[PDB]
Structures are given as C-alpha cells and as structure tokens.
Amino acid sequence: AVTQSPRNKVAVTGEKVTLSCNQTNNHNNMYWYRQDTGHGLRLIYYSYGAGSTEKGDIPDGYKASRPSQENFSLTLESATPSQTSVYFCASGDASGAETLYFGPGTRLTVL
C-alpha cells in the first residue's frame, strides 16, 4: 500500500509546503502527479531510485527528494493559488510499461 501525508492541507500563498509519500511495495519507481479538472493527471516529478529525482512534465514550482526506497517527498517552496489541487503519489516496479499503484491522494488548497 502507498500512503500519503498529509491527506488534507490548507496553506497560505508563499508558504513552504511538503507532501510526503511512503510505499512498502519495494518499488524502485515513485511518482508525483496532480489532478485537476480539464487536465486529468499530470506528472510533476518521479524517481528511478534512492537519490534520483527526475523532472516530470510540469516541474515548475516544485522540488522532490527520494532519500530512500520507501519515501518520496514533493516540496512547494513558495505556494501559489495555482498549486491548489489534489496530489497523488504512485509506485511501480520499473518494468517497461509498468503499472502504477496510487495512494488515496492529498487535497491541497492554497488560500
């Protein structure tokens, strides 16, 4: 199972926000997506393994860290209203055309 922390979070513009993700699937790949009406899911950042961080399709305004196999965090240095969304974390076994196992999501609203 993939678990995200926190589940809910209200923040103020300019606040430093960090979302946490943990997976005990022993998956080498981990990803961070945001979900928004009209856009579906969009990849922000992903990792091929501990110490690796790869930019996704929309990295701007974000930063991530993969300090270990199990954990992968996403950090919003200076929160802006545009970052209001539902963030989803997923893990995968890095086998081509791999399936993703998603967490239940983190609802973030920037006021």
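Counting begins at 1, following the sequence as shown.
Chemist: Mean C-alpha B factor from the entry: is it higher for 62 to 70 or for 33 to 41?
Modeler: So the stretch with the higher mean C-alpha B-factor is 62 to 70.
Chemist: Averaging C-alpha B-factors over each stretch, which comes out higher, 6 to 14 or 91 to 99?
Modeler: The deposited B-factors put 6 to 14 ahead on the C-alpha mean.
Chemist: Which third of the chain holds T80 when residues are ordered by C-alpha B factor: lowest, middle or highest?
Modeler: Answer is highest: the recorded C-alpha B-factor places it there.
Chemist: Where does the C-alpha B-factor of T53 rank in its chain, lowest, middle or highest third?
Modeler: Answer is highest: the recorded C-alpha B-factor places it there.
Chemist: Against its chain's modelled residues, does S47's Cα B factor rank lowest, middle or highest third?
Modeler: Bottom third by C-alpha B-factor.
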